[PDB]
Amino acid sequence: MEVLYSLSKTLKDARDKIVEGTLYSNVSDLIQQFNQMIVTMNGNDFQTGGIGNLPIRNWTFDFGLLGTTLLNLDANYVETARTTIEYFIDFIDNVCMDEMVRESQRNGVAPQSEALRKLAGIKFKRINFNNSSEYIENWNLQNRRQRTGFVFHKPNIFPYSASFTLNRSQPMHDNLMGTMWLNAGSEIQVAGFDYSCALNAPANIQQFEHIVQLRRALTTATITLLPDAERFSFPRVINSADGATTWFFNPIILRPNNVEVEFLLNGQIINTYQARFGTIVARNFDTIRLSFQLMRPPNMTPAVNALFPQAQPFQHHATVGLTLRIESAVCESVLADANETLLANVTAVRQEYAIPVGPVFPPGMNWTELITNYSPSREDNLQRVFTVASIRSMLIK
Amino acid sequence: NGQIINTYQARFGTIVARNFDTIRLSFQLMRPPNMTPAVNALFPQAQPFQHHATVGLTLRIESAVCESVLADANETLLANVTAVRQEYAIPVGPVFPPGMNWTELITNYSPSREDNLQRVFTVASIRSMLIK
Amino acid sequence: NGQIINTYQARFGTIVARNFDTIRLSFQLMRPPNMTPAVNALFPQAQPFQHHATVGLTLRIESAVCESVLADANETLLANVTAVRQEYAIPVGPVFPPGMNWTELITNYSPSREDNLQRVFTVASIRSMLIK
Amino acid sequence: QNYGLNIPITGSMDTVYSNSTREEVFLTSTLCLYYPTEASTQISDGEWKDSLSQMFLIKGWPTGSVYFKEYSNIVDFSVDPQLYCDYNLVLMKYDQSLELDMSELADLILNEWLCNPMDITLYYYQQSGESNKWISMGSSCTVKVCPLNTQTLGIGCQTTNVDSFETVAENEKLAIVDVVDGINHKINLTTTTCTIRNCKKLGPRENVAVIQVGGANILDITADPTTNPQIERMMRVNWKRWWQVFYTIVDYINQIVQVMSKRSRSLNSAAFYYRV
Amino acid sequence: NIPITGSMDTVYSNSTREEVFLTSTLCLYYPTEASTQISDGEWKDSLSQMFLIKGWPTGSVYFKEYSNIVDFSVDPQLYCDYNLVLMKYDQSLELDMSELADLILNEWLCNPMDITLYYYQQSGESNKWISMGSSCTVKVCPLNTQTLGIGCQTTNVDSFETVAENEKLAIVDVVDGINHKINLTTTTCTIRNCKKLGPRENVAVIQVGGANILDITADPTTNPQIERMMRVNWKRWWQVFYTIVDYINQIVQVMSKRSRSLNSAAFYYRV
Amino acid sequence: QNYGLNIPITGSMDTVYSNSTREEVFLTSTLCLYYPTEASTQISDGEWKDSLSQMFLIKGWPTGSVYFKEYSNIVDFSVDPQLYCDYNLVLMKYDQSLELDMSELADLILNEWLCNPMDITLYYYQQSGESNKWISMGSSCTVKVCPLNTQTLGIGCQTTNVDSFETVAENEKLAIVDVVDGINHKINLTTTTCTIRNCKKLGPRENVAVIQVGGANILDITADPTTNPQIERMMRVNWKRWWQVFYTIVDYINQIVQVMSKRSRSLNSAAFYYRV
Ligand SMILES: *[C@@H]1O[C@H](CO)[C@@H](O[C@@H]2O[C@H](CO)[C@@H](O[C@@H]3O[C@H](CO)[C@@H](O)[C@H](O)[C@@H]3O)[C@H](O)[C@H]2NC(C)=O)[C@H](O)[C@H]1NC(C)=O
Ligand SMILES: *[C@@H]1O[C@H](CO)[C@@H](O)[C@H](O)[C@H]1NC(C)=O
Ligand SMILES: *[C@@H]1O[C@H](CO)[C@@H](O)[C@H](O)[C@H]1NC(C)=O
Ligand SMILES: *[C@@H]1O[C@H](CO)[C@@H](O)[C@H](O)[C@H]1NC(C)=O
Ligand SMILES: *[C@@H]1O[C@H](CO)[C@@H](O)[C@H](O)[C@H]1NC(C)=O
Ligand SMILES: *[C@@H]1O[C@H](CO)[C@@H](O)[C@H](O)[C@H]1NC(C)=O
Ligand SMILES: [Ca+2]
Ligand SMILES: [Ca+2]
Ligand SMILES: [Ca+2]
Ligand SMILES: [Ca+2]
Ligand SMILES: [Ca+2]
Ligand SMILES: [Ca+2]
Ligand SMILES: [Ca+2]
Ligand SMILES: [Ca+2]
Ligand SMILES: [Ca+2]
Ligand SMILES: [Ca+2]
Ligand SMILES: [Ca+2]
Ligand SMILES: [Ca+2]
């Protein structure tokens with residue numbers, strides 16, 4: 001795989017630095033690397049594809065070395081370089097597609113795709129150029145562990161889950177109390193609602209608590225915590241827990257008082273913040289406990305007093321919510337983001353050629369299921385296909 | 001090109017599109033067959049209709065790959081070009097809209113406009129290499 | 001990961017699971033349609049119910065293969081580690097539970113605990129090669 | 001043990017569920033009309049219960065479900081109102097000077113109550129809170145109270161001379177008296193003809209519904225002055241002919257039971273739980 | 001109905017009040033006792049001059065006196081473009097006042113009924129039978145599948161179940177889905193089978209007397225207080241009319257232009 | 001609080017079970033003894049209620065928490081026997097020929113009957129299943145049932161001739177009448193004097209215990225003839241002296257209350273199922 005990356009990097013460098021009029025001093029080392037690649041790949045046969053609709057293709061290499069007796073590149077040089085580079089780029093693109101489409105329940109790190117399996121031999125170590133990109137560097141470190149980390153912007157670590165729990169309820173759903181929430185992408189929006197405005201709660205304070213269990217620990221995350229979950233601040237009708245009947249929900253937004261937010265790793269509290277909003281940080285956290293409260297206002301204007309009565313009718317229902325965006329984070333394992341098209345590339349490759357559902361990944365690369373159940377074999381396969389997708393993106397966009 | 005390339009049915013969260021020129025969001029509003037008395041009083045069979053049922057969909061395009069050049073939330077190319085034009089009060093040209101407002105520039109995004117946009121954006125990249 | 005890897009219906013005796021993470025045991029209590037007078041007396045229509053119907057299953061994992069290290073009925077590594085801790089009264093540390101209570105150790109099996117467990121088990125086997 | 005009160009029920013907001021907890025210990029739901037005797041008087045018929053049962057059979061209720069029950073007048077029905085039955089509708093013929101008695105019967109039946117006795121002649125009683133009332137029912141109740149000081153000396157009334165007591169309800173079949181919460185009280189009424197009970201108010205009995213047959217909207221079940229809620233079950237109609245009223249109820253019966261909900265129903269027929 | 005797309009940024013248009021006051025007509029239906037108490041007869045001209053201040057041209061206002069509510073109920077023609085109905089409330093007239101309010105406020109599609117030949121059902125919630133006349137006493141005898149009375153004998157009109165007596169206007173709702181035989185005094189009263197469409201935007205009812213009692217929706221459950229059922233207290237009809245004139249802008253703002261492809265021709269007082 | 005929902009509840013097995021509750025139930029609840037008048041007649045006293053109260057106080061209960069009720073005899077007691085009282089005992093003196101009446105009362109006050117009214121003059125009534133009976137109460141009940149064909153023509157009787165009907169109760173104060181579950185019936189019963197309710201039997205009423213003071217095992221609470229179960233709360237004590245009977249109950253009051261249990265339908269946890 002390091003060899004595949006080296007192929008892609010040297011072809012990218014050839015397309016970039018071998019340009020008309022450039023000094024040979026600017027591309028001497030690159031030309032030497034290109035000639036090593038040519039001499040190593042020459043006199044070989046590779047076979048690519050043959051799964052789903054990915055058509056079978058045969059690659060044979062017999063090319064002349066780029067010259068070296070030129071002080072300053074001219075137009076004729078670049079024509080020969082182009083004729084070689086386009087074929088090589090097509091070959092690397094097809095190898096990457098073949099590698100991405102495949103899977104393996106066991107030893108998912110080891111390369112599938114007999115083309116790449118051949119490239120992992122002993123004759124092709126001489127192509128190894130350098131491993132600068134974040135994905136390939138972390139690939140090397142993981143293959144021989146030093147501590148690693150991918151920095152992600154707004155990582156979709158939560159599986160999509162919108163739901164609710166009712167700590168107090170009735171069959172006719174007039175006097176409810178509990179929480180609603182939506183975890184999606186990098187958003188946790190949790191709204192605790194009480195239909196009685198904590199009329200009879202101890203000290204007129206109702207307690208809400210939401211536990212989120214990340215599937216992988218995040219590191220040095222930046223978190224924007226604000227009050228007033230928006231999605232649960234307008235009237236709705238909600239199918240019940242059983243689904244038999246629907247119940248109305250008519251929010252009136254109070255603020256959450258003495259909100260505490262705890263970032264835990266392996267059960268111990270790593271970070272804790274109390275009534276701090278805006279941007280905060282979490283050192284290393286695996287679960288989030290958002291605890292907040294609904295205090296009935298001691299003093300009340302005529303209007304709010306008319307809103308919150310002491311009897312059962314309860315036309316309007318008090319709610320307090322939090323919104324929590326993980327703006328950025330650092331994860332040892334790989335994840336989709338909002339800034340990287342790796343997952344999009346892999347899924348598009350599979351969809352284009354209609355690969356049958358394999359043993360490990362879920363159908364359609366459904367990221368919600370994939371993050372919901374994220375076993376280590378699935379993680380290894382995801383890392384392999386993602387790094388190969390990065391290697392492809394270095395040339396094909 | 002009017003060819004159904006991807007179709008996601010009752011799947012929320014993150015989704016992907018290989019290549020798409022049009023998005024068709026289809027959804028439905030089903031009257032709740034069973035109804036707590038609160039919602040029943042909320043929706044009457046009579047005429048008044050004092051509360052109006054709605055059903056929504058939000059769709060962010062988190063990231064994409066485009067053959068042509070566009071503005072972003074991550075790139076200061078459009079801002080650089082527009083600022084350079086404004087600082088020196090360039091007269092309105094024959095191709096770009098007055099003030100280079102992105103809304104009217106992408107409402108009509110003809111190929112000549114795209115060509116000039118790519119040129120000025122690439123020059124802005126070259127400048128921003130040095131003068132940030 | 002939520003996908004049936006194997007499913008066995010009314011096949012008792014020795015069975016094989018290729019690779020699994022969860023076990024779903026479904027069974028049913030079917031009232032005997034035909035009843036001898038004795039059993040019919042056992043199961044009445046009214047409320048008393050002096051006898052209560054029950055149906056059970058027993059599932060033994062005789063042997064298996066695992067990536068993460070575990071304790072067994074065959075390997076003395078867990079016993080060796082816990083014993084050498086108790087011998088010198090090592091104070092309760094961060095990751096392992098107090099006294100190396102295996103139930104508490106496995107009920108939550110965080111990767112930190114797993115890594116430390118593999119290390120200490122490897123050292124335990126290395127010691128067991130010589131000291132018994 | 002319980003019915004799983006102390007643990008939460010979870011549900012998804014983006015999924016429509018299928019399987020239901022089918023449970024039924026019944027013949028079927030039973031609609032149940034209470035109508036004043038003047039209705040049958042004006043109707044002047046007597047195959048009319050048969051006629052209405054045939055109508056309800058078209059509307060979807062089997063024969064043996066619907067029941068019709070006559071009461072003389074609302075004030076006399078108030079004394080110990082029994083709802084022996086599943087889906088209760090009560091037709092209250094509004095007329096002037098019965099506003100309080102109607103509103104009070106509505107307050108009694110529409111709401112669930114938890115009542116303890118009151119050995120009136122021995123102790124002195126208070127009212128714990130906003131939800132606590134004294135409900136007195138009988139042939140002729142006449143409640144005369146007397147508040148007491150902290151020293152157990154009457155204020156505005158000598159505790160011995162009953163003539164000085166403050167009368168709060170005079171010769172009524174049903175009187176739901178609220179007095180000041182936190183004052184000991186000595187109570188006097190006609191122990192043979194009336195029974196007084198110390199009743200807390202639980203949630204609302206979401207089973208019985210009240211159709212006001214006559215005019216303006218006056219039903220204020222909530223004894224509080226500030227709040228005057230208009231519940232879904234405080235239905236009303238404009239009437240001239242009882243036949244038209246009954247046809248209206250029959251035609252729109254499905255909507256009425258959609259407003260109601262039969263899940264709240266007690267074993268006994270009493271309008272209030274009794275907890276000695 | 002074709003779709004009509006519209007932006008959410010277009011600027012609000014100028015006030016159309018003057019345009020509608022120049023282009024439309026207002027008409028007031030009041031009881032005869034109003035004029036009797038006013039004890040005048042230059043008062044129509046005075047009120048027209050008064051309306052001219054608020055901006056209704058001289059011919060735009062039409063005063064159509066009616067004898068009383070029950071007598072006006074019988075087939076009310078609303079010859080106008082914006083209709084106001086002053087409606088004096090008296091005890092025991094609650095249902096008839098409500099009947100008139102329902103009739104005029106709601107749009108009805110009415111079909112003739114031939115009582116002497118056919119037995120009529122009611123299609124559903126929106127269907128009623130409206131009987132109008134000098135004295136309507138509709139008696140109903142429900143029928144079986146074999147056309148035999150239940151609670152009644154189909155040939156003995158005495159055993160029938162009376163649902164209205166001597167009323168100028170009766171809006172009867174019977175149990176839907178059952179055939180009925182009707183006895184109504186065919187020489188006097190006319191009965192029509194009507195379906196309630198949407199509301200009539202053209203008309204507003206100013207209840208003049210007592211409490212909020214009008215119930216347009218025959219459903220017991222819903223009792224919606226529609227915006228066009230205005231109410232005001234009174235002691236002097238002069239004060240009532242001055243109130244209406246002063247607040248005419250609000251009333252016609254509450255009302256709106258009628259929209260229905262009618263089929264029955266009738267006289268209108270348009271400009 | 002998720003009233004009206006059957007939510008599964010998990011429970012360990014290594015939990016160390018908690019301490020006693022007898023002190024709680026004694027200091028909170030209310031013991032409640034129903035005895036026949038002949039008991040007091042043989043006692044020939046009238047401080048004896050106070051004496052028993054003091055002895056109960058020695059045995060644990062508070063002073064004002066044990067209550068005594070009298071009844072003329074079992075057959076008269078059977079007419080709407082309501083036990084509004086937190087821990088009910090019924091001393092029941094046995095005699096020949098009252099076996100069925102004792103069984104009727106025992107069934108009625110030991111099992112929770114939920115039930116709807118019956119309009120005898122109008123409807124034909126069909127028994128749904130095993131657990132459905134009709135209970136008739138009054139000063140004199142003489143039920144006459146005529147079964148009906150599928151064409152609604154009586155068999156062994158004529159719909160229009162009450163004489164041919166098949167009587168299944170004569171002047172009984174209480175009658176739990178059963179009929180062939182699945183056939184329509186036309187009933188005649190003396191509507192002015194005796195009322196009849198279509199009732200079906202839920203689980204057992206655990207708040208009531210019946211102490212047969214006399215003879216052998218005869219209470220068949222189960223209408224089915226095949227099963228004759230011996231419930232815990234059907235106690236039996238030999239008697240020759242009412243003082244000795246009351247002393248036995250007082251001494252063993254702990255065990256009797258242990259046999260009994262708090263009324264499920266009175267707990268808050270049963271709020272939206274059938275709470276009473
Ligand atoms: C609904 O019921 C009324 C109540 O009876 C019906 O009125 C009846 O109308 C007929 C025809 O107009 C009357 O017939 C008259 O009979 C006498 C002798 O019996 C004869 O002298 C007349 O020339 C005429 O034929 C009948 O008297 C009258 N009933 C009463 C009590 O006055 C009404 O016709 C019924 N509705 C319909 C649509 O039929
Ligand atoms: C069936 O009902 C249960 C509630 O007891 C619920 O958890 C489950 O999701 C329902 N079935 C489906 C397919 O949703
Ligand atoms: C009520 O007052 C009268 C008049 O003094 C008295 O005779 C009667 O005993 C009182 N009621 C009670 C329950 O004491
Ligand atoms: C609308 O109102 C504005 C402000 O009064 C005025 O300038 C404008 O002329 C009006 N529009 C027309 C068409 O007169
Ligand atoms: C139960 O009783 C024992 C001794 O009688 C006592 O040690 C223990 O604390 C009690 N349990 C509780 C929960 O108090
Ligand atoms: C029962 O039959 C008698 C005649 O023997 C009759 O007087 C009585 O009214 C009947 N009761 C009922 C409820 O039909
Ligand atoms: Ca009263
Ligand atoms: Ca006084
Ligand atoms: Ca009070
Ligand atoms: Ca009030
Ligand atoms: Ca009749
Ligand atoms: Ca009328
Ligand atoms: Ca109708
Ligand atoms: Ca209405
Ligand atoms: Ca016979
Ligand atoms: Ca008996
Ligand atoms: Ca039976
Ligand atoms: Ca038996």
# chains A, B, ... in the order shown; residues from 1 in each chain; ligands from 1
$ calpha_fit_rmsd --fixed "chain D" --moving "chain F"
3.5 Å
$ residues_around --residues "stretch 107-121 of chain B" --least-positions-apart "2" --cutoff "12 Å" --atoms "only C-alpha atoms" --output "PyMOL selection string"
chain B and resi 67-72+75-82+84-85+93-97+100-105+123-128
$ residues_near_ligand --ligand "ligand 4" --cutoff "8 Å" --atoms "only C-alpha atoms and all ligand atoms" --output "NGL selection string"
:E and (13-15)
$ residues_near_ligand --ligand "ligand 6" --cutoff "12 Å" --atoms "only C-alpha atoms and all ligand atoms" --output "ChimeraX atom specification"
/F:118-124,141-146,159-165,167,186-196
$ closest_atom_pairs --of "chain D" --to "ligand 9" --cutoff "7 Å" --atoms "only C-alpha atoms and all ligand atoms" --output "CSV"
residue,atom,partner,partner_atom_place_in_ligand_line,distance
D:127,CA,ligand 9,1 (Ca),5.5
D:129,CA,ligand 9,1 (Ca),5.9
D:130,CA,ligand 9,1 (Ca),5.2
D:132,CA,ligand 9,1 (Ca),5.7
D:133,CA,ligand 9,1 (Ca),5.8
D:178,CA,ligand 9,1 (Ca),4.4
D:179,CA,ligand 9,1 (Ca),4.9
D:180,CA,ligand 9,1 (Ca),5.4
D:181,CA,ligand 9,1 (Ca),5.0
$ write_last_selection --atoms "C-alpha atoms" --output "mmCIF file, in the first residue's frame"
data_model
loop_
_atom_site.group_PDB
_atom_site.id
_atom_site.type_symbol
_atom_site.label_atom_id
_atom_site.label_comp_id
_atom_site.auth_asym_id
_atom_site.auth_seq_id
_atom_site.Cartn_x
_atom_site.Cartn_y
_atom_site.Cartn_z
ATOM 1 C CA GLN D 127 -57.950 21.876 54.250
ATOM 2 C CA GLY D 129 -54.133 22.535 49.936
ATOM 3 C CA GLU D 130 -55.602 23.793 46.703
ATOM 4 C CA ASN D 132 -58.637 19.630 48.959
ATOM 5 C CA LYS D 133 -62.361 20.288 49.345
ATOM 6 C CA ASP D 178 -63.696 25.224 49.961
ATOM 7 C CA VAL D 179 -62.672 27.069 53.117
ATOM 8 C CA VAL D 180 -59.443 28.801 54.054
ATOM 9 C CA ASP D 181 -56.510 26.409 53.935
#
$ select_by_dssp --residues "stretch 19-190 of chain F" --states "alpha helix (DSSP H)" --output "NGL selection string"
:F and (22-28 or 37-43 or 48-59 or 74-77 or 99-110)
$ residues_near_ligand --ligand "ligand 16" --cutoff "12 Å" --atoms "only C-alpha atoms and all ligand atoms" --output "MDAnalysis selection string"
chainID F and resid 73:80 97:108 135:142 168:177
$ interface_residues --of "chain D" --to "chain A" --cutoff "6 Å" --atoms "only C-alpha atoms" --output "tab-separated table (two decimals) with N, CA and C atoms, in the first residue's frame"
chain	number	residue	atom	x	y	z
D	8	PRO	N	-38.32	4.31	32.46
D	8	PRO	CA	-38.87	5.10	31.36
D	8	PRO	C	-39.16	4.27	30.12
D	9	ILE	N	-40.16	4.73	29.37
D	9	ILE	CA	-40.53	4.13	28.10
D	9	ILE	C	-39.89	4.96	26.99
D	10	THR	N	-39.14	4.29	26.12
D	10	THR	CA	-38.42	4.94	25.03
D	10	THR	C	-39.14	4.71	23.71
D	11	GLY	N	-39.04	5.69	22.82
D	11	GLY	CA	-39.66	5.58	21.52
D	11	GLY	C	-38.96	6.47	20.52
D	12	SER	N	-39.03	6.08	19.25
D	12	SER	CA	-38.37	6.80	18.17
D	12	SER	C	-39.34	7.77	17.52
D	13	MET	N	-38.84	8.95	17.17
D	13	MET	CA	-39.65	9.97	16.53
D	13	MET	C	-39.66	9.87	15.02
D	17	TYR	N	-44.55	2.56	14.20
D	17	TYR	CA	-44.49	1.20	14.71
D	17	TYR	C	-45.73	0.42	14.31
$ closest_atom_pairs --of "chain E" --to "ligand 14" --cutoff "6 Å" --atoms "only C-alpha atoms and all ligand atoms" --output "JSON lines"
{"residue": "E:215", "atom": "CA", "partner": "ligand 14", "partner_atom_place_in_ligand_line": "1 (Ca)", "distance": 5.0}
{"residue": "E:217", "atom": "CA", "partner": "ligand 14", "partner_atom_place_in_ligand_line": "1 (Ca)", "distance": 4.3}
{"residue": "E:218", "atom": "CA", "partner": "ligand 14", "partner_atom_place_in_ligand_line": "1 (Ca)", "distance": 4.7}
{"residue": "E:219", "atom": "CA", "partner": "ligand 14", "partner_atom_place_in_ligand_line": "1 (Ca)", "distance": 4.4}
{"residue": "E:220", "atom": "CA", "partner": "ligand 14", "partner_atom_place_in_ligand_line": "1 (Ca)", "distance": 4.3}
{"residue": "E:221", "atom": "CA", "partner": "ligand 14", "partner_atom_place_in_ligand_line": "1 (Ca)", "distance": 5.8}
{"residue": "E:222", "atom": "CA", "partner": "ligand 14", "partner_atom_place_in_ligand_line": "1 (Ca)", "distance": 4.7}
{"residue": "E:223", "atom": "CA", "partner": "ligand 14", "partner_atom_place_in_ligand_line": "1 (Ca)", "distance": 4.2}
$ closest_atom_pairs --of "chain E" --to "ligand 12" --cutoff "10 Å" --atoms "only C-alpha atoms and all ligand atoms" --output "tab-separated table"
residue	atom	partner	partner_atom_place_in_ligand_line	distance
E:70	CA	ligand 12	1 (Ca)	7.8
E:73	CA	ligand 12	1 (Ca)	8.5
E:74	CA	ligand 12	1 (Ca)	9.8
E:93	CA	ligand 12	1 (Ca)	8.7
E:94	CA	ligand 12	1 (Ca)	9.3
E:95	CA	ligand 12	1 (Ca)	6.3
E:96	CA	ligand 12	1 (Ca)	4.4
E:97	CA	ligand 12	1 (Ca)	8.0
E:98	CA	ligand 12	1 (Ca)	8.4
E:99	CA	ligand 12	1 (Ca)	6.0
E:100	CA	ligand 12	1 (Ca)	8.1
E:130	CA	ligand 12	1 (Ca)	9.3
E:131	CA	ligand 12	1 (Ca)	8.7
E:132	CA	ligand 12	1 (Ca)	8.9
E:136	CA	ligand 12	1 (Ca)	8.8
E:137	CA	ligand 12	1 (Ca)	9.9
E:163	CA	ligand 12	1 (Ca)	9.8
E:164	CA	ligand 12	1 (Ca)	7.0
E:165	CA	ligand 12	1 (Ca)	8.4
E:166	CA	ligand 12	1 (Ca)	8.7
E:167	CA	ligand 12	1 (Ca)	5.2
E:168	CA	ligand 12	1 (Ca)	6.4
E:169	CA	ligand 12	1 (Ca)	4.5
E:170	CA	ligand 12	1 (Ca)	3.8
E:171	CA	ligand 12	1 (Ca)	6.5
E:172	CA	ligand 12	1 (Ca)	8.7
$ write_last_selection --atoms "N, CA and C atoms" --output "CSV table (one decimal), in the first residue's frame"
chain,number,residue,atom,x,y,z
E,70,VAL,N,-86.5,35.8,13.5
E,70,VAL,CA,-87.1,34.6,13.1
E,70,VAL,C,-87.8,34.8,11.7
E,73,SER,N,-85.2,35.0,9.0
E,73,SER,CA,-84.5,33.7,8.7
E,73,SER,C,-85.0,33.1,7.4
E,74,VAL,N,-86.3,33.3,7.1
E,74,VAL,CA,-86.9,32.6,6.0
E,74,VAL,C,-86.3,33.1,4.7
E,93,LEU,N,-84.4,32.6,22.0
E,93,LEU,CA,-84.1,32.6,20.6
E,93,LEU,C,-82.7,32.2,20.2
E,94,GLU,N,-82.1,31.5,21.2
E,94,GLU,CA,-80.7,31.2,21.0
E,94,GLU,C,-80.5,30.3,19.8
E,95,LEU,N,-81.3,29.2,19.7
E,95,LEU,CA,-81.1,28.3,18.6
E,95,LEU,C,-81.5,28.9,17.3
E,96,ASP,N,-82.5,29.7,17.2
E,96,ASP,CA,-82.9,30.3,15.9
E,96,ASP,C,-81.9,31.3,15.5
E,97,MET,N,-81.4,32.1,16.4
E,97,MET,CA,-80.3,33.0,16.1
E,97,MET,C,-79.1,32.3,15.5
E,98,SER,N,-78.8,31.2,16.2
E,98,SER,CA,-77.6,30.4,15.7
E,98,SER,C,-77.9,29.8,14.4
E,99,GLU,N,-79.2,29.3,14.1
E,99,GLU,CA,-79.5,28.8,12.8
E,99,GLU,C,-79.3,29.8,11.7
E,100,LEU,N,-79.8,31.1,12.0
E,100,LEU,CA,-79.6,32.1,10.9
E,100,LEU,C,-78.1,32.4,10.7
E,130,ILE,N,-82.4,21.9,5.4
E,130,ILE,CA,-82.9,23.2,5.8
E,130,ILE,C,-84.3,23.4,5.3
E,131,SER,N,-85.2,23.7,6.2
E,131,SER,CA,-86.6,24.0,5.9
E,131,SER,C,-86.9,25.4,6.3
E,132,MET,N,-87.4,26.1,5.3
E,132,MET,CA,-87.7,27.6,5.4
E,132,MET,C,-89.2,27.8,5.0
E,136,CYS,N,-92.7,26.0,9.6
E,136,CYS,CA,-92.2,24.7,9.3
E,136,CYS,C,-92.3,23.8,10.6
E,137,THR,N,-93.0,22.6,10.4
E,137,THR,CA,-93.0,21.6,11.5
E,137,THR,C,-92.6,20.3,10.8
E,163,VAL,N,-89.0,17.1,15.2
E,163,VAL,CA,-87.7,17.8,15.5
E,163,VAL,C,-87.7,19.3,15.3
E,164,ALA,N,-88.9,19.8,14.9
E,164,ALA,CA,-89.1,21.3,14.8
E,164,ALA,C,-90.5,21.6,14.7
E,165,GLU,N,-91.0,22.6,15.3
E,165,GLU,CA,-92.4,23.0,15.4
E,165,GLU,C,-92.6,24.5,15.1
E,166,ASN,N,-93.4,24.8,14.1
E,166,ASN,CA,-93.8,26.2,13.9
E,166,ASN,C,-92.7,27.1,13.7
E,167,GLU,N,-91.5,26.6,13.3
E,167,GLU,CA,-90.3,27.5,13.2
E,167,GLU,C,-90.2,28.0,11.8
E,168,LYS,N,-89.9,29.2,11.6
E,168,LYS,CA,-89.7,29.8,10.3
E,168,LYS,C,-88.5,29.2,9.6
E,169,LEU,N,-87.5,28.7,10.3
E,169,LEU,CA,-86.3,28.1,9.8
E,169,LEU,C,-85.8,27.1,10.7
E,170,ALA,N,-85.6,25.9,10.1
E,170,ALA,CA,-85.1,24.7,10.9
E,170,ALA,C,-84.0,24.0,10.1
E,171,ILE,N,-82.8,23.9,10.7
E,171,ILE,CA,-81.7,23.2,10.1
E,171,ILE,C,-81.6,21.8,10.8
E,172,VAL,N,-82.2,20.8,10.3
E,172,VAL,CA,-82.3,19.5,10.9
E,172,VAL,C,-81.1,18.6,10.5
$ closest_residue --among "F:16, F:157, F:7, F:55" --to "ligand 5" --atoms "only C-alpha atoms and all ligand atoms"
F:16
$ residues_around --residues "residue D:26" --least-positions-apart "2" --cutoff "9 Å" --atoms "only C-alpha atoms" --output "list in words"
residues 24, 28 and 29 of chain D; 114, 115, 128 and 200 of chain F
$ residues_near_ligand --ligand "ligand 1" --cutoff "7 Å" --atoms "only C-alpha atoms and all ligand atoms" --output "compact mmCIF listing (two decimals) with N, CA, C and O atoms, in the first residue's frame"
# COMPACT_ATOMS: atom_id res chain seq x y z
N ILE E 115 -90.56 15.55 -0.90
CA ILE E 115 -90.95 14.77 0.27
C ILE E 115 -92.01 13.74 -0.08
O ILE E 115 -92.09 12.68 0.55
N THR E 116 -92.83 14.02 -1.08
CA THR E 116 -93.99 13.18 -1.35
C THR E 116 -93.64 11.89 -2.09
O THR E 116 -94.49 11.00 -2.15
N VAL E 157 -98.87 9.86 10.96
CA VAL E 157 -98.02 11.02 11.18
C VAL E 157 -97.96 11.40 12.65
O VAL E 157 -97.05 12.12 13.06
N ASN E 183 -92.62 14.66 7.10
CA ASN E 183 -93.92 15.33 7.02
C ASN E 183 -93.68 16.81 7.28
O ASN E 183 -93.29 17.20 8.38
N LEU E 184 -93.87 17.61 6.23
CA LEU E 184 -93.77 19.06 6.36
C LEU E 184 -94.76 19.69 5.38
O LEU E 184 -94.41 19.91 4.22
N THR E 185 -96.01 19.86 5.83
CA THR E 185 -96.87 21.00 5.50
C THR E 185 -96.54 21.62 4.15
O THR E 185 -96.20 22.81 4.07
N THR E 186 -96.61 20.82 3.08
CA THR E 186 -95.95 21.17 1.82
C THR E 186 -96.38 22.53 1.29
O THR E 186 -95.60 23.20 0.60
